[PDB]
Amino acid sequence: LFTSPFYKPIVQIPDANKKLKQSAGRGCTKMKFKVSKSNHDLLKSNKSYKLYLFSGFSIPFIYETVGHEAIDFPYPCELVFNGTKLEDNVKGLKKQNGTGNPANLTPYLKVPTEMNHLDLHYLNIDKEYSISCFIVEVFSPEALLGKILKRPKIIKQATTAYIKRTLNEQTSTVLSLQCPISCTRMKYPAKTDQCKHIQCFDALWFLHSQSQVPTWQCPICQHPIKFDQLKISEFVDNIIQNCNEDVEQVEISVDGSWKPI
Ligand SMILES: [Zn+2]
């Protein structure tokens, strides 16, 4: 589904749809389609435009839209576009559904006058799938970080109020300045207002992780979050800007004050 911030649709490619039906065993599904010269000119008009293949669960017996499906490729799958195998990690996190990525067909496209062949080899198919192709504008983690930075941060007053309201449980708590993902000093300590914890994670490393495994779960509380909920924490940010690189942890009291450990 186009709920991802890394790619957004510009136009659907016609005659590039396909339904994959259940198969007991071995099989291969073929798709022929052409990409008009106008769509080639559009791809050339902007460096951020790519041709992405999408696969989703095809829920039967009801109406479904072209994009609303969460990205789910049949696992295992071998995708071959114009003879060249696609090395894309199309379906990451095999254990979870909806954590797949699209396949980039842009570099292996043929001229408009010729035909594009997409083969999909499989050993079995337990559920029906919908296959689509879209031209999309892609965004890198750095641009998305820029978007996050331009947002209003989580004010330090809110964090101090939360600390004071929490530590009255029945002495001190440890705030890490390190990122759980990168294991390095955070540069962009971020989280969500939905998160019930003062600990943060580096926004850039989070976006880097999600760009290859779209779980969209907080690396700390594992709650499902969304891109537009990410905001910088002014409290941890100020603590970092006023600390030496040596410090990895910090002691926090009910006062909101903080001491290097
Ligand atoms: Zn959280």
# chains A, B, ... in the order shown; residues from 1 in each chain; ligands from 1
>>> residues_around(residues="residue A:215", least_positions_apart="6", cutoff="12 Å", atoms="only C-alpha atoms", output="list in words")
residues 4, 70, 71, 91, 92, 93, 94, 95, 96, 97, 98, 99, 100, 101, 206, 207, 208, 209, 222, 223, 224, 225, 226 and 227 of chain A
>>> write_last_selection(atoms="N, CA, C and O atoms", output="mmCIF file, in the first residue's frame")
data_model
loop_
_atom_site.group_PDB
_atom_site.id
_atom_site.type_symbol
_atom_site.label_atom_id
_atom_site.label_comp_id
_atom_site.auth_asym_id
_atom_site.auth_seq_id
_atom_site.Cartn_x
_atom_site.Cartn_y
_atom_site.Cartn_z
ATOM 1 N N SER A 4 3.399 4.306 2.581
ATOM 2 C CA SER A 4 4.814 4.488 2.865
ATOM 3 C C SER A 4 5.261 5.893 2.471
ATOM 4 O O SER A 4 4.817 6.420 1.446
ATOM 5 N N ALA A 70 -1.719 -3.934 1.288
ATOM 6 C CA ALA A 70 -0.391 -3.922 1.886
ATOM 7 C C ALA A 70 0.557 -4.771 1.051
ATOM 8 O O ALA A 70 0.166 -5.800 0.492
ATOM 9 N N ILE A 71 1.813 -4.338 0.963
ATOM 10 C CA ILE A 71 2.769 -4.989 0.071
ATOM 11 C C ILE A 71 3.039 -6.396 0.593
ATOM 12 O O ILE A 71 3.614 -6.573 1.671
ATOM 13 N N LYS A 91 10.217 -9.135 -0.404
ATOM 14 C CA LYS A 91 9.416 -9.483 0.772
ATOM 15 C C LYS A 91 10.358 -9.692 1.954
ATOM 16 O O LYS A 91 10.864 -10.795 2.176
ATOM 17 N N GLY A 92 10.593 -8.619 2.711
ATOM 18 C CA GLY A 92 11.371 -8.715 3.923
ATOM 19 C C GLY A 92 10.526 -9.123 5.116
ATOM 20 O O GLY A 92 9.305 -8.968 5.122
ATOM 21 N N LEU A 93 11.197 -9.649 6.137
ATOM 22 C CA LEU A 93 10.535 -10.148 7.340
ATOM 23 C C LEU A 93 9.449 -11.161 6.964
ATOM 24 O O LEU A 93 8.248 -10.890 6.999
ATOM 25 N N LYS A 94 9.924 -12.351 6.591
ATOM 26 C CA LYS A 94 9.023 -13.400 6.120
ATOM 27 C C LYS A 94 7.952 -13.729 7.151
ATOM 28 O O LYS A 94 6.862 -14.188 6.790
ATOM 29 N N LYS A 95 8.240 -13.505 8.435
ATOM 30 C CA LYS A 95 7.304 -13.857 9.496
ATOM 31 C C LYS A 95 6.123 -12.901 9.590
ATOM 32 O O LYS A 95 5.081 -13.285 10.135
ATOM 33 N N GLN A 96 6.254 -11.679 9.085
ATOM 34 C CA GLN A 96 5.217 -10.666 9.198
ATOM 35 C C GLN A 96 4.644 -10.338 7.827
ATOM 36 O O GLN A 96 5.347 -10.372 6.814
ATOM 37 N N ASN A 97 3.352 -10.019 7.808
ATOM 38 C CA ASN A 97 2.644 -9.664 6.588
ATOM 39 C C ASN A 97 2.581 -8.149 6.448
ATOM 40 O O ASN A 97 2.389 -7.431 7.433
ATOM 41 N N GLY A 98 2.738 -7.670 5.217
ATOM 42 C CA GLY A 98 2.739 -6.249 4.946
ATOM 43 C C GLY A 98 4.084 -5.576 5.085
ATOM 44 O O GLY A 98 4.154 -4.345 4.971
ATOM 45 N N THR A 99 5.152 -6.337 5.326
ATOM 46 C CA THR A 99 6.493 -5.792 5.499
ATOM 47 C C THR A 99 7.354 -5.983 4.256
ATOM 48 O O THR A 99 8.580 -6.100 4.361
ATOM 49 N N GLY A 100 6.737 -6.028 3.080
ATOM 50 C CA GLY A 100 7.461 -6.182 1.842
ATOM 51 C C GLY A 100 7.744 -4.845 1.186
ATOM 52 O O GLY A 100 7.094 -3.842 1.469
ATOM 53 N N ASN A 101 8.735 -4.846 0.305
ATOM 54 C CA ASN A 101 9.097 -3.684 -0.486
ATOM 55 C C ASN A 101 8.760 -3.911 -1.951
ATOM 56 O O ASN A 101 8.630 -5.055 -2.402
ATOM 57 N N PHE A 206 16.333 5.124 12.141
ATOM 58 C CA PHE A 206 15.016 4.502 12.066
ATOM 59 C C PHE A 206 14.503 4.490 10.631
ATOM 60 O O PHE A 206 14.010 3.467 10.144
ATOM 61 N N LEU A 207 14.612 5.626 9.936
ATOM 62 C CA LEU A 207 14.170 5.683 8.546
ATOM 63 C C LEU A 207 15.007 4.776 7.656
ATOM 64 O O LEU A 207 14.492 4.212 6.683
ATOM 65 N N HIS A 208 16.297 4.629 7.965
ATOM 66 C CA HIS A 208 17.135 3.699 7.217
ATOM 67 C C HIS A 208 16.679 2.261 7.427
ATOM 68 O O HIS A 208 16.616 1.475 6.475
ATOM 69 N N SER A 209 16.351 1.904 8.669
ATOM 70 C CA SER A 209 15.851 0.564 8.956
ATOM 71 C C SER A 209 14.529 0.307 8.242
ATOM 72 O O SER A 209 14.335 -0.747 7.624
ATOM 73 N N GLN A 222 7.796 -1.029 20.639
ATOM 74 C CA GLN A 222 7.239 -1.865 19.579
ATOM 75 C C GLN A 222 5.803 -1.499 19.218
ATOM 76 O O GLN A 222 5.149 -2.240 18.475
ATOM 77 N N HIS A 223 5.291 -0.380 19.716
ATOM 78 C CA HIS A 223 3.972 0.064 19.293
ATOM 79 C C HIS A 223 4.007 0.446 17.814
ATOM 80 O O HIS A 223 4.995 1.021 17.345
ATOM 81 N N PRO A 224 2.956 0.140 17.052
ATOM 82 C CA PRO A 224 2.924 0.563 15.644
ATOM 83 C C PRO A 224 2.772 2.073 15.545
ATOM 84 O O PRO A 224 1.816 2.649 16.070
ATOM 85 N N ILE A 225 3.728 2.714 14.877
ATOM 86 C CA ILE A 225 3.715 4.154 14.677
ATOM 87 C C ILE A 225 3.703 4.437 13.180
ATOM 88 O O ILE A 225 3.823 3.536 12.350
ATOM 89 N N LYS A 226 3.552 5.715 12.845
ATOM 90 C CA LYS A 226 3.482 6.160 11.462
ATOM 91 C C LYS A 226 4.433 7.331 11.262
ATOM 92 O O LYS A 226 4.807 8.027 12.210
ATOM 93 N N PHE A 227 4.823 7.535 10.002
ATOM 94 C CA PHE A 227 5.848 8.527 9.691
ATOM 95 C C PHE A 227 5.481 9.905 10.227
ATOM 96 O O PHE A 227 6.337 10.616 10.766
#
>>> closest_atom_pairs(of="chain A", to="ligand 1", cutoff="9 Å", atoms="only C-alpha atoms and all ligand atoms", output="JSON lines")
{"residue": "A:191", "atom": "CA", "partner": "ligand 1", "partner_atom_place_in_ligand_line": "1 (Zn)", "distance": 6.3}
{"residue": "A:192", "atom": "CA", "partner": "ligand 1", "partner_atom_place_in_ligand_line": "1 (Zn)", "distance": 6.6}
{"residue": "A:193", "atom": "CA", "partner": "ligand 1", "partner_atom_place_in_ligand_line": "1 (Zn)", "distance": 8.7}
{"residue": "A:194", "atom": "CA", "partner": "ligand 1", "partner_atom_place_in_ligand_line": "1 (Zn)", "distance": 7.1}
{"residue": "A:195", "atom": "CA", "partner": "ligand 1", "partner_atom_place_in_ligand_line": "1 (Zn)", "distance": 4.0}
{"residue": "A:196", "atom": "CA", "partner": "ligand 1", "partner_atom_place_in_ligand_line": "1 (Zn)", "distance": 6.3}
{"residue": "A:197", "atom": "CA", "partner": "ligand 1", "partner_atom_place_in_ligand_line": "1 (Zn)", "distance": 6.4}
{"residue": "A:198", "atom": "CA", "partner": "ligand 1", "partner_atom_place_in_ligand_line": "1 (Zn)", "distance": 8.6}
{"residue": "A:199", "atom": "CA", "partner": "ligand 1", "partner_atom_place_in_ligand_line": "1 (Zn)", "distance": 7.9}
{"residue": "A:200", "atom": "CA", "partner": "ligand 1", "partner_atom_place_in_ligand_line": "1 (Zn)", "distance": 7.7}
{"residue": "A:201", "atom": "CA", "partner": "ligand 1", "partner_atom_place_in_ligand_line": "1 (Zn)", "distance": 9.0}
{"residue": "A:217", "atom": "CA", "partner": "ligand 1", "partner_atom_place_in_ligand_line": "1 (Zn)", "distance": 7.9}
{"residue": "A:218", "atom": "CA", "partner": "ligand 1", "partner_atom_place_in_ligand_line": "1 (Zn)", "distance": 4.6}
{"residue": "A:219", "atom": "CA", "partner": "ligand 1", "partner_atom_place_in_ligand_line": "1 (Zn)", "distance": 6.8}
{"residue": "A:220", "atom": "CA", "partner": "ligand 1", "partner_atom_place_in_ligand_line": "1 (Zn)", "distance": 5.2}
{"residue": "A:221", "atom": "CA", "partner": "ligand 1", "partner_atom_place_in_ligand_line": "1 (Zn)", "distance": 4.4}
{"residue": "A:222", "atom": "CA", "partner": "ligand 1", "partner_atom_place_in_ligand_line": "1 (Zn)", "distance": 6.3}
{"residue": "A:223", "atom": "CA", "partner": "ligand 1", "partner_atom_place_in_ligand_line": "1 (Zn)", "distance": 6.1}
{"residue": "A:224", "atom": "CA", "partner": "ligand 1", "partner_atom_place_in_ligand_line": "1 (Zn)", "distance": 8.5}
{"residue": "A:225", "atom": "CA", "partner": "ligand 1", "partner_atom_place_in_ligand_line": "1 (Zn)", "distance": 8.1}
>>> write_last_selection(atoms="N, CA and C atoms", output="PDB file, in the first residue's frame")
ATOM      1  N   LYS A 191      10.817  10.466  18.652  1.00  0.00           N
ATOM      2  CA  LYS A 191       9.835   9.497  19.118  1.00  0.00           C
ATOM      3  C   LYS A 191       8.451   9.988  18.713  1.00  0.00           C
ATOM      4  N   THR A 192       7.408   9.538  19.406  1.00  0.00           N
ATOM      5  CA  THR A 192       6.051   9.976  19.128  1.00  0.00           C
ATOM      6  C   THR A 192       5.375  10.396  20.424  1.00  0.00           C
ATOM      7  N   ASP A 193       4.376  11.271  20.291  1.00  0.00           N
ATOM      8  CA  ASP A 193       3.539  11.609  21.434  1.00  0.00           C
ATOM      9  C   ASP A 193       2.776  10.397  21.947  1.00  0.00           C
ATOM     10  N   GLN A 194       2.633   9.361  21.120  1.00  0.00           N
ATOM     11  CA  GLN A 194       1.960   8.136  21.527  1.00  0.00           C
ATOM     12  C   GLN A 194       2.857   7.225  22.353  1.00  0.00           C
ATOM     13  N   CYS A 195       4.150   7.529  22.444  1.00  0.00           N
ATOM     14  CA  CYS A 195       5.104   6.682  23.144  1.00  0.00           C
ATOM     15  C   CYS A 195       5.139   7.042  24.624  1.00  0.00           C
ATOM     16  N   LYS A 196       5.033   6.026  25.472  1.00  0.00           N
ATOM     17  CA  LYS A 196       5.023   6.212  26.922  1.00  0.00           C
ATOM     18  C   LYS A 196       6.404   5.909  27.502  1.00  0.00           C
ATOM     19  N   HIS A 197       7.392   6.676  27.046  1.00  0.00           N
ATOM     20  CA  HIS A 197       8.766   6.502  27.495  1.00  0.00           C
ATOM     21  C   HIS A 197       9.585   7.710  27.067  1.00  0.00           C
ATOM     22  N   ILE A 198      10.548   8.096  27.910  1.00  0.00           N
ATOM     23  CA  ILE A 198      11.402   9.236  27.591  1.00  0.00           C
ATOM     24  C   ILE A 198      12.545   8.861  26.656  1.00  0.00           C
ATOM     25  N   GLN A 199      12.859   7.575  26.521  1.00  0.00           N
ATOM     26  CA  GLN A 199      13.933   7.165  25.629  1.00  0.00           C
ATOM     27  C   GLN A 199      13.567   7.466  24.181  1.00  0.00           C
ATOM     28  N   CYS A 200      14.588   7.768  23.383  1.00  0.00           N
ATOM     29  CA  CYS A 200      14.420   8.147  21.990  1.00  0.00           C
ATOM     30  C   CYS A 200      15.275   7.243  21.111  1.00  0.00           C
ATOM     31  N   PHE A 201      15.133   7.428  19.801  1.00  0.00           N
ATOM     32  CA  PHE A 201      15.924   6.719  18.809  1.00  0.00           C
ATOM     33  C   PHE A 201      16.272   7.687  17.689  1.00  0.00           C
ATOM     34  N   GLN A 217       7.424  -0.103  13.732  1.00  0.00           N
ATOM     35  CA  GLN A 217       7.234  -0.307  15.159  1.00  0.00           C
ATOM     36  C   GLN A 217       8.343   0.414  15.906  1.00  0.00           C
ATOM     37  N   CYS A 218       7.972   1.106  16.975  1.00  0.00           N
ATOM     38  CA  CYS A 218       8.953   1.817  17.778  1.00  0.00           C
ATOM     39  C   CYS A 218      10.057   0.853  18.215  1.00  0.00           C
ATOM     40  N   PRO A 219      11.334   1.177  17.977  1.00  0.00           N
ATOM     41  CA  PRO A 219      12.413   0.269  18.396  1.00  0.00           C
ATOM     42  C   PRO A 219      12.498   0.056  19.902  1.00  0.00           C
ATOM     43  N   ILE A 220      11.670   0.735  20.693  1.00  0.00           N
ATOM     44  CA  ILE A 220      11.711   0.645  22.150  1.00  0.00           C
ATOM     45  C   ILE A 220      10.473  -0.065  22.691  1.00  0.00           C
ATOM     46  N   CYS A 221       9.286   0.466  22.401  1.00  0.00           N
ATOM     47  CA  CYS A 221       8.036  -0.093  22.897  1.00  0.00           C
ATOM     48  C   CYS A 221       7.321  -0.975  21.881  1.00  0.00           C
ATOM     49  N   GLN A 222       7.796  -1.029  20.639  1.00  0.00           N
ATOM     50  CA  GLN A 222       7.239  -1.865  19.579  1.00  0.00           C
ATOM     51  C   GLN A 222       5.803  -1.499  19.218  1.00  0.00           C
ATOM     52  N   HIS A 223       5.291  -0.380  19.716  1.00  0.00           N
ATOM     53  CA  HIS A 223       3.972   0.064  19.293  1.00  0.00           C
ATOM     54  C   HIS A 223       4.007   0.446  17.814  1.00  0.00           C
ATOM     55  N   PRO A 224       2.956   0.140  17.052  1.00  0.00           N
ATOM     56  CA  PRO A 224       2.924   0.563  15.644  1.00  0.00           C
ATOM     57  C   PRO A 224       2.772   2.073  15.545  1.00  0.00           C
ATOM     58  N   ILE A 225       3.728   2.714  14.877  1.00  0.00           N
ATOM     59  CA  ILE A 225       3.715   4.154  14.677  1.00  0.00           C
ATOM     60  C   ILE A 225       3.703   4.437  13.180  1.00  0.00           C
TER      61      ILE A 225
END
>>> residues_around(residues="residue A:186", least_positions_apart="5", cutoff="8 Å", atoms="only C-alpha atoms", output="list in words")
residues 177, 178, 179, 201, 202 and 240 of chain A
>>> select_by_dssp(residues="stretch 21-181 of chain A", states="alpha helix (DSSP H)", output="PyMOL selection string")
chain A and resi 37-45+141-149+156-167
>>> write_last_selection(atoms="N, CA, C and O atoms", output="short mmCIF file (atom, residue, chain, number, x, y, z; two decimals), in the first residue's frame")
data_model
loop_
_atom_site.label_atom_id
_atom_site.label_comp_id
_atom_site.auth_asym_id
_atom_site.auth_seq_id
_atom_site.Cartn_x
_atom_site.Cartn_y
_atom_site.Cartn_z
N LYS A 37 5.86 5.78 -24.79
CA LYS A 37 6.95 6.74 -24.88
C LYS A 37 6.69 7.96 -24.00
O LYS A 37 7.63 8.59 -23.51
N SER A 38 5.41 8.30 -23.78
CA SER A 38 5.10 9.41 -22.88
C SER A 38 5.51 9.08 -21.45
O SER A 38 6.04 9.94 -20.74
N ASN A 39 5.28 7.85 -21.01
CA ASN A 39 5.71 7.46 -19.67
C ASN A 39 7.23 7.39 -19.56
O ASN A 39 7.80 7.68 -18.50
N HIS A 40 7.91 7.02 -20.65
CA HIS A 40 9.37 7.10 -20.66
C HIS A 40 9.83 8.55 -20.51
O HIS A 40 10.76 8.84 -19.74
N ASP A 41 9.20 9.46 -21.25
CA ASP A 41 9.54 10.88 -21.12
C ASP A 41 9.27 11.37 -19.70
O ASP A 41 10.02 12.20 -19.17
N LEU A 42 8.21 10.87 -19.08
CA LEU A 42 7.91 11.26 -17.70
C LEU A 42 8.99 10.76 -16.75
O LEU A 42 9.44 11.50 -15.87
N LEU A 43 9.40 9.49 -16.89
CA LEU A 43 10.50 8.98 -16.09
C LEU A 43 11.75 9.82 -16.27
O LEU A 43 12.48 10.08 -15.31
N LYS A 44 12.02 10.25 -17.50
CA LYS A 44 13.20 11.08 -17.76
C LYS A 44 13.02 12.51 -17.28
O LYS A 44 14.01 13.22 -17.12
N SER A 45 11.78 12.94 -17.03
CA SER A 45 11.53 14.33 -16.64
C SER A 45 11.94 14.61 -15.20
O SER A 45 12.10 15.78 -14.84
N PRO A 141 15.82 8.54 2.92
CA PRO A 141 15.73 8.83 4.36
C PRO A 141 16.19 10.23 4.73
O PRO A 141 15.68 10.79 5.71
N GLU A 142 17.13 10.82 3.99
CA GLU A 142 17.64 12.14 4.37
C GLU A 142 16.59 13.22 4.15
O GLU A 142 16.41 14.10 5.00
N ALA A 143 15.89 13.18 3.01
CA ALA A 143 14.82 14.14 2.78
C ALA A 143 13.71 13.99 3.81
O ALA A 143 13.16 14.99 4.30
N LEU A 144 13.35 12.75 4.15
CA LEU A 144 12.33 12.53 5.17
C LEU A 144 12.79 13.04 6.52
O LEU A 144 11.99 13.57 7.30
N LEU A 145 14.08 12.90 6.83
CA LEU A 145 14.63 13.49 8.04
C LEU A 145 14.48 15.00 8.01
O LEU A 145 14.16 15.63 9.03
N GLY A 146 14.73 15.62 6.86
CA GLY A 146 14.51 17.05 6.73
C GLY A 146 13.07 17.43 7.02
O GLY A 146 12.80 18.42 7.70
N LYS A 147 12.13 16.64 6.51
CA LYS A 147 10.72 16.87 6.82
C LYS A 147 10.47 16.79 8.32
O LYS A 147 9.79 17.64 8.90
N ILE A 148 11.03 15.76 8.97
CA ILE A 148 10.82 15.58 10.40
C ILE A 148 11.38 16.76 11.18
O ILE A 148 10.76 17.25 12.14
N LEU A 149 12.55 17.25 10.78
CA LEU A 149 13.19 18.35 11.50
C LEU A 149 12.36 19.62 11.41
O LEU A 149 12.29 20.40 12.37
N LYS A 156 10.25 20.47 25.94
CA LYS A 156 10.89 19.93 27.14
C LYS A 156 9.98 20.01 28.36
O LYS A 156 10.10 19.18 29.27
N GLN A 157 9.08 20.99 28.40
CA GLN A 157 8.14 21.07 29.52
C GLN A 157 7.30 19.81 29.61
O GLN A 157 7.04 19.30 30.71
N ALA A 158 6.86 19.28 28.46
CA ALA A 158 6.06 18.07 28.47
C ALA A 158 6.85 16.89 29.03
O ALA A 158 6.32 16.09 29.81
N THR A 159 8.12 16.77 28.64
CA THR A 159 8.94 15.67 29.14
C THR A 159 9.17 15.80 30.64
O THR A 159 9.12 14.80 31.37
N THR A 160 9.43 17.01 31.13
CA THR A 160 9.61 17.20 32.57
C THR A 160 8.33 16.86 33.32
O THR A 160 8.38 16.21 34.38
N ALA A 161 7.18 17.28 32.80
CA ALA A 161 5.91 16.95 33.43
C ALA A 161 5.70 15.44 33.47
O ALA A 161 5.25 14.89 34.48
N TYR A 162 6.03 14.75 32.37
CA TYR A 162 5.89 13.30 32.34
C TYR A 162 6.80 12.64 33.36
O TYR A 162 6.39 11.71 34.06
N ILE A 163 8.04 13.11 33.46
CA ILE A 163 8.98 12.55 34.44
C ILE A 163 8.43 12.72 35.85
O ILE A 163 8.43 11.78 36.66
N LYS A 164 7.95 13.92 36.17
CA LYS A 164 7.43 14.18 37.51
C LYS A 164 6.19 13.34 37.79
O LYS A 164 5.99 12.87 38.92
N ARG A 165 5.34 13.14 36.78
CA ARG A 165 4.13 12.36 36.99
C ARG A 165 4.43 10.87 37.12
O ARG A 165 3.70 10.14 37.79
N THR A 166 5.51 10.40 36.48
CA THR A 166 5.81 8.98 36.48
C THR A 166 6.60 8.57 37.71
O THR A 166 6.21 7.64 38.43
N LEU A 167 7.71 9.25 37.99
CA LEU A 167 8.60 8.81 39.06
C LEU A 167 7.90 8.74 40.42
O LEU A 167 8.45 8.13 41.34
#
>>> closest_residue(among="A:103, A:136, A:80, A:254", to="residue A:50", atoms="only C-alpha atoms")
A:136
>>> atom_distance(atom1="atom CA of residue A:73", atom2="atom CA of residue A:229")
27.4 Å
>>> select_by_dssp(residues="stretch 5-252 of chain A", states="strand (DSSP E)", output="JSON, numbers by chain")
{"A": [7, 8, 9, 10, 11, 12, 18, 19, 20, 27, 28, 29, 30, 31, 32, 33, 49, 50, 51, 52, 53, 54, 55, 56, 57, 78, 79, 80, 81, 84, 85, 103, 104, 116, 117, 118, 119, 120, 121, 122, 129, 130, 131, 132, 133, 134, 135, 136, 137, 138, 173, 174, 175, 176, 189, 190, 191, 201, 202, 231, 232, 249, 250, 251, 252]}
>>> residues_around(residues="residue A:250", least_positions_apart="3", cutoff="9 Å", atoms="only C-alpha atoms", output="ChimeraX atom specification")
/A:173-177,239,247,258-261
>>> write_last_selection(atoms="N, CA and C atoms", output="CSV table (one decimal), in the first residue's frame")
chain,number,residue,atom,x,y,z
A,173,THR,N,16.2,7.4,37.4
A,173,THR,CA,16.0,6.6,36.2
A,173,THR,C,17.2,6.9,35.2
A,174,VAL,N,17.5,6.0,34.3
A,174,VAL,CA,18.7,6.1,33.4
A,174,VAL,C,18.2,6.4,32.0
A,175,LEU,N,18.6,7.5,31.5
A,175,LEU,CA,18.3,7.9,30.1
A,175,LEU,C,19.5,7.7,29.3
A,176,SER,N,19.4,6.8,28.2
A,176,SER,CA,20.5,6.5,27.3
A,176,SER,C,20.5,7.6,26.2
A,177,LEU,N,21.7,8.1,25.9
A,177,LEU,CA,22.0,8.9,24.8
A,177,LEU,C,22.3,8.2,23.5
A,239,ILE,N,20.0,17.8,26.1
A,239,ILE,CA,20.9,17.0,26.9
A,239,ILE,C,22.1,16.6,26.1
A,247,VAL,N,29.9,10.5,27.1
A,247,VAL,CA,28.7,10.1,27.9
A,247,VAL,C,27.8,9.3,27.1
A,258,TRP,N,19.6,16.5,35.4
A,258,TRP,CA,20.2,15.3,34.9
A,258,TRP,C,21.7,15.4,35.2
A,259,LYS,N,22.3,14.2,35.5
A,259,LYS,CA,23.7,14.1,35.9
A,259,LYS,C,24.4,13.1,35.0
A,260,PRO,N,25.6,13.5,34.4
A,260,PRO,CA,26.3,12.4,33.6
A,260,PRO,C,26.7,11.3,34.5
A,261,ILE,N,26.5,10.1,34.0
A,261,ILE,CA,26.9,8.9,34.8
A,261,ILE,C,28.3,8.4,34.3
>>> residues_around(residues="residue A:124", least_positions_apart="2", cutoff="8 Å", atoms="only C-alpha atoms", output="VMD selection string")
chain A and resid 22 to 27 122 126
>>> residues_around(residues="residue A:13", least_positions_apart="3", cutoff="6 Å", atoms="only C-alpha atoms", output="PyMOL selection string")
chain A and resi 16+133-134
>>> closest_residue(among="A:60, A:230, A:216, A:114", to="residue A:203", atoms="only C-alpha atoms")
A:230
>>> atom_distance(atom1="atom CA of residue A:54", atom2="atom CA of residue A:84")
17.7 Å
>>> residues_around(residues="residue A:19", least_positions_apart="2", cutoff="8 Å", atoms="only C-alpha atoms", output="JSON, numbers by chain")
{"A": [17, 21, 58, 128, 129, 130, 131]}
>>> write_last_selection(atoms="C-alpha atoms", output="PDB file, in the first residue's frame")
ATOM      1  CA  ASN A  17      -1.998  -5.776 -13.685  1.00  0.00           C
ATOM      2  CA  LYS A  21      -4.338 -17.687  -8.308  1.00  0.00           C
ATOM      3  CA  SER A  58      -6.011 -10.265  -3.094  1.00  0.00           C
ATOM      4  CA  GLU A 128      -4.315 -15.068  -4.326  1.00  0.00           C
ATOM      5  CA  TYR A 129      -2.198 -12.020  -5.140  1.00  0.00           C
ATOM      6  CA  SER A 130      -2.662  -8.763  -7.036  1.00  0.00           C
ATOM      7  CA  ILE A 131       0.291  -7.534  -9.115  1.00  0.00           C
TER       8      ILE A 131
END
